[PDB]
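Residue numbers (the UniProt record's numbering), protein chains in the order written: chain A, 2 to 363; chain B, 2 to 363.
Where is the CB? At the ideal position from N, CA and C, for every residue including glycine.
A short worksheet on the structure shown next.
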Ligand code: HEM
Ligand code: HEM
Ligand SMILES: Nc1ccc2ccc(CCNCCc3cccc(F)c3)cc2n1
Ligand SMILES: Nc1ccc2ccc(CCNCCc3cccc(F)c3)cc2n1
Ligand SMILES: C[C@H](O)[C@H](O)[C@H]1CNc2nc(N)[nH]c(=O)c2N1
Ligand SMILES: C[C@H](O)[C@H](O)[C@H]1CNc2nc(N)[nH]c(=O)c2N1
Ligand SMILES: [Cl-]
Ligand SMILES: [Cl-]
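This is how it looks when you write it as structure tokens:
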């Protein structure tokens with residue numbers, strides 16, 4: 002009954018995958034051995050080629066992603082061989098190192114063993130491999146409020162943060178058979194951070210802002226041909242707005258706009274002065290400038306939008322239907338200055354794809 | 002068969018309308034005389050009260066409108082008595098004068114005779130009562146490109162613009178029975194315009210930018226209880242972004258960002274400089290400052306969003322379901338700085354409401 006669902010997703014995936022790979026004739030045979038493997042074993046195993054391409058397709062089908070133009074150059078690391086938590090840790094450590102690449106970020110995914118009977122083999126608790134802790138007790142707010150629950154969960158497990166605004170959370174994941182996850186402190190040598198400075202305004206450094214170089218989302222499920230890789234951390238490079246317009250700007254995050262307004266020497270008293278808008282722009286100029294000055298890869302929303310237009314064109318030229326989430330594709334600053342704002346997108350879900358899954362904590 | 006459709010929309014409207022007006026007991030009687038009027042005559046006539054409230058409800062149900070908090074103070078002018086084109090013109094002239102109110106803009110609607118058998122009594126060709134002409138021939142682009150087709154249509158009818166970037170289009174409308182519309186030049190004395198200057202940057206005036214004080218949309222159909230008022234021009238005051246972020250900024254409109262960047266003394270060479278974003282902010286600061294300095298009503302997107310939050314609260318407190326179009330409610334600058342961005346809205350269409358209708362020209 003579940004062999005059914007698996008079989009249909011499998012048929013659809015192999016057909017599309019081998020078609021794209023120019024291996025159309027191999028399909029019929031490949032489906033046979035798959036159908037056989039399903040009957041006897043309950044599931045099937047992807048070849049390295051299928052898995053590599055599947056992850057790339059998944060990125061291509063991510064409606065909310067503006068950076069999809071480079072779907073085909075995704076660096077896929079196959080770690081389905083891991084069995085121990087030391088291996089998982091070392092693989093996670095390695096992902097960080099190779100994705101970072103001294104600042105020349107390589108879009109990478111590391112793929113761990115998939116679910117068996119819906120039973121996880123590895124269960125990553127981090128939202129990103131690199132993320133700042135968040136604390137809130139009596140009156141006191143420290144760090145990233147988005148990290149409050151995971152931070153408290155880590156501190157249940159014997160970890161303790163220094164309670165700076167930028168404590169690096171430890172890696173935290175659970176192996177099948179264990180009741181509790183384990184946690185490992187990150188080697189500082191592996192984690193690139195960027196101090197935020199401004200090209201014109203020397204006072205901007207007084208804010209003592211910084212962010213991490215590489216966003217590595219690690220709580221999403223990669224689905225490929227009926228196979229559920231619940232643990233498959235992936236990364237790209239940042240679009241500046243993600244940091245300057247949200248992470249540092251949102252009132253429910255770091256909430257820096259009033260402070261930005263002060264150091265750039267404008268008043269924050271009247272809405273009609275548009276001080277938030279002005280602060281947002283200077284803060285976002287600062288983020289791009291800082292990353293570029295350090296030699297850490299990053300893209301601005303305009304260039305990113307230009308690239309996404311190429312992606313649209315490429316999709317059409319290749320005879321592929323385009324899907325997208327307009328509400329997530331438009332950047333949070335000057336969205337009407339991008340072509341994205343002025344057209345609409347079909348928000349249909351196509352597989353392979355990346356999905357949300359329930360948090361183990363909370 | 003059409004008496005049916007009319008009757009159902011009527012029943013629904015009267016029930017809701019008299020409920021809101023505290024006149025619940027009058028409903029049963031009101032429905033009787035309505036049902037009778039439908040049978041014999043094919044339609045029915047709204048009382049001044051019903052019509053006034055209906056227009057207010059329509060504004061309340063406008064999913065795309067951020068300014069809905071003040072739905073209940075809409076100034077409704079009942080011009081269902083008009084029969085001649087001189088009367089229509091004078092009513093349109095009067096709408097402009099009273100809505101403008103020396104700069105202290107009053108949200109107003111003027112309601113003309115509704116459709117009979119789907120047959121229009123009056124047919125307004127203008128998109129707004131006050132709008133700038135647009136021209137494009139060989140290489141030459143002049144004025145508002147959004148006005149190109151209507152401008153060419155007016156020039157078919159014997160009108161001629163001076164071909165400045167800000168030619169006021171004449172009022173153009175057609176009376177039932179006439180094959181062609183008529184056109185009337187606007188008295189300059191009735192039209193307030195605002196020159197765009199900047200609070201800090203004196204050079205900003207070199208751009209010679211200006212806009213009109215009052216946006217009076219005149220091509221939408223007001224629908225109330227099955228009755229189709231195809232000609233019912235309405236106005237509010239401007240949100241600054243409408244002018245500074247779209248009308249003057251869009252590449253397919255006035256396309257001023259590169260020029261703004263120059264007069265404010267920044268380079269327009271690199272995307273990572275965010276010069277468009279910076280230009281957008283200074284241009285939008287200029288628009289708000291200029292309108293306020295002239296004493297012409299206007300709102301910024303933050304204040305407008307604050308007001309719309311009150312509208313949400315008011316809707317809930319009154320037991321009314323809220324409907325909205327997220328893609329139109331978010332402002333085109335700093336949308337993530339408003340609460341609108343961070344929640345979702347139900348985009349259901351509720352009547353009474355304002356609708357698009359086909360252009361008579363093109
Ligand atoms: C190469 C540079 C990349 C850039 C600049 C980029 C840009 C973005 C941005 C700005 C978002 C919106 C995130 C937010 O609003 O929080 C996004 C969403 C997303 N991106 Fe990308 N991306 C890149 C690479 C990738 C890669 C390598 C993958 C995976 C293979 C990926 C998959 C996604 C997914 C799944 C989402 C949506 C996540 C969610 O719904 O929460 N992207 N991308
Ligand atoms: C009082 C001040 C008002 C403000 C600041 C305001 C603000 C806005 C804004 C910014 C838009 C988006 C327009 C665009 O993106 O092109 C909008 C749409 C709209 N507003 Fe309002 N509005 C106001 C009053 C009114 C009034 C009096 C009515 C009618 C009774 C109205 C009905 C609408 C409608 C129907 C739309 C959508 C039109 C369309 O879909 O093209 N608004 N409003
Ligand atoms: N630059 C990139 C590259 C790949 C990405 C892949 C996924 C995402 C989504 C990250 N945000 C998800 C929503 C979320 C979840 C948890 C906390 C938050 F603040 C926000 C962002 C990306 N950014
Ligand atoms: N400030 C206000 C008040 C009421 C409004 C009522 C309606 C509208 C919609 C105006 N724009 C409609 C879309 C459109 C149509 C035609 C040309 C364009 F450039 C744009 C704007 C309003 N702005
Ligand atoms: C496709 C998209 O809905 C369309 O381009 C919208 C986007 N949001 C908008 N929002 C406003 N206020 N005005 C507009 O004209 C548009 N255009
Ligand atoms: C309701 C709405 O879809 C939600 O708040 C979205 C809006 N668009 C977004 N766009 C991006 N890129 N990231 C987000 O977190 C959100 N939040
Ligand atoms: Cl992030
Ligand atoms: Cl307008």
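Residue i beta carbon near ligand 5 (any heavy atom closer than 7 Å)
i                      : result
residue 302 of chain B : no
residue 335 of chain A : no
Contact test: residue i Cβ vs ligand 8 heavy atom, cutoff 7 Å
i                      : result
residue 180 of chain B : no
Check: residue i C-beta below 7 Å from any heavy atom of ligand 3
i                      : result
residue 194 of chain B : no
residue 68 of chain A  : yes
residue 218 of chain A : yes
Contact test: residue i Cβ vs ligand 6 heavy atom, cutoff 7 Å
i                      : result
residue 238 of chain A : no
residue 371 of chain B : Because chain B is modelled from 2 through 363, residue 371 of chain B falls outside the range shown and cannot be assessed.
Those residues which DSSP pairs with residue i across a bridge
i                      : result
residue 79 of chain B  : B:112
residue 340 of chain A : For residue 340 of chain A, which the question treats as bridged, DSSP gives no partner whatsoever.
residue 240 of chain A : A:300
residue 133 of chain A : A:169
residue 223 of chain A : A:230 and A:355
residue 174 of chain A : A:125 and A:183
residue 144 of chain A : A:135
residue 235 of chain B : B:110 and B:218
residue 195 of chain A : A:212
Distance cut-off 7 Å: residue i Cβ against heavy atoms of ligand 2
i                      : result
residue 65 of chain B  : yes
residue 355 of chain B : yes
residue 221 of chain B : yes
residue 60 of chain B  : yes
residue 75 of chain B  : yes
Contact test: residue i Cβ vs ligand 1 heavy atom, cutoff 7 Å
i                      : result
residue 287 of chain A : no
residue 71 of chain A  : yes
Check: residue i C-beta below 7 Å from any heavy atom of ligand 4
i                      : result
residue 54 of chain A  : no
residue 204 of chain A : no
residue 96 of chain B  : no
residue 128 of chain B : yes
Q) Counting Cβ pairs closer than 8 Å, one from the region 139-158 of chain A and one from the region 194-214 of chain A, do we hit at least three? A) no
Q) In the region 279-298 of chain A, which residues sit with their C-beta less than 8 Å from some C-beta in chain B, listed in chain order? A) 279, 281, 282, 285, 286, 289, 290 and 293
Q. Do the region 172-181 of chain A and the region 59-68 of chain A make contact, defined as three or more Cβ pairs closer than 8 Å?
A. no
Q) Between the region 289-298 of chain B and the region 320-340 of chain B, do at least 3 Cβ pairs fall closer than 8 Å? A) no
Q.
For the pair the region 10-21 of chain B and the region 348-361 of chain A, tell me if three or more CB-CB distances fall below 8 Å.
A. no
Q | By C-beta, the residues closer than 6 Å to any heavy atom of ligand 7, given in chain order | A | A:216, A:243 and A:248
Q) For the region 251-272 of chain B, which residues have a CB atom closer than 8 Å to at least one CB atom of chain A, in sequence order? A) 251, 258 and 272
**Q.** At least 3 beta-carbon pairs within less than 8 Å: the region 102-112 of chain A vs the region 243-256 of chain A
**A.** no
Q: With 7 Å as the limit, tell me which residues of the region 325-337 of chain B have their beta carbon closer than that to any beta carbon of chain A; keep them in chain order.
A: 327, 328, 333, 334, 335, 336 and 337
Q | Interfacial residues, the region 299-324 of chain B to chain A, with Cβ spacing under 7 Å | A | 301, 303 and 304
Q) If you measure beta-carbon to beta-carbon, which residues of the region 43-74 of chain B are closer than 9 Å to chain A? A) none
Q | Residues of the region 79-113 of chain A whose Cβ lies closer than 9 Å to any Cβ of chain B, in chain order | A | none
Q: May I ask you to verify whether the region 346-355 of chain A touches the region 63-80 of chain A, counting CB pairs closer than 8 Å and requiring at least 3?
A: yes
Q) Closer than 5 Å from C-beta to any heavy atom of ligand 5: which residues, in chain order? A) A:343, A:345, B:328 and B:329
**Q.** Short-range partners of chain A found in the region 188-221 of chain B, where Cβ spacing is below 7 Å
**A.** none
Q: Decide yes or no for the touch test of the region 216-230 of chain A against the region 43-57 of chain A: beta carbon pairs closer than 8 Å, at least 3 of them.
A: yes
Q. Should the region 87-99 of chain B be regarded as contacting the region 259-279 of chain B, the criterion being three or more beta carbon pairs within less than 8 Å?
A. no
Q) Listed from N- to C-terminal order along the chain, which residues in the region 227-251 of chain B have their beta-carbon within a distance smaller than 9 Å of any beta-carbon of chain A? A) 241, 242, 246, 247, 250 and 251
Q: Taking only beta carbons into account, state which residues of the region 144-161 of chain B come closer than 8 Å to chain A, listed in chain order.
A: none
Q.
If the cut-off is 8 Å on Cβ atoms, which residues from the region 161-176 of chain B count as contacting chain A, listed in chain order?
A. none
Q | Given 8 Å, three or more beta-carbon pairs between the region 237-244 of chain B and the region 280-289 of chain B | A | yes
Q: Spell out a yes or no on whether the region 69-86 of chain B and the region 95-109 of chain B are touching, meaning 3 or more CB-CB pairs, one atom from each, closer than 8 Å.
A: yes
Q. Touch check for the region 32-42 of chain B and the region 206-225 of chain B: three-plus C-beta pairs under 8 Å?
A. no
Q: Check whether the region 198-209 of chain A touches the region 133-143 of chain A, taking contact to mean three or more Cβ pairs, one atom from each stretch, closer than 8 Å.
A: no
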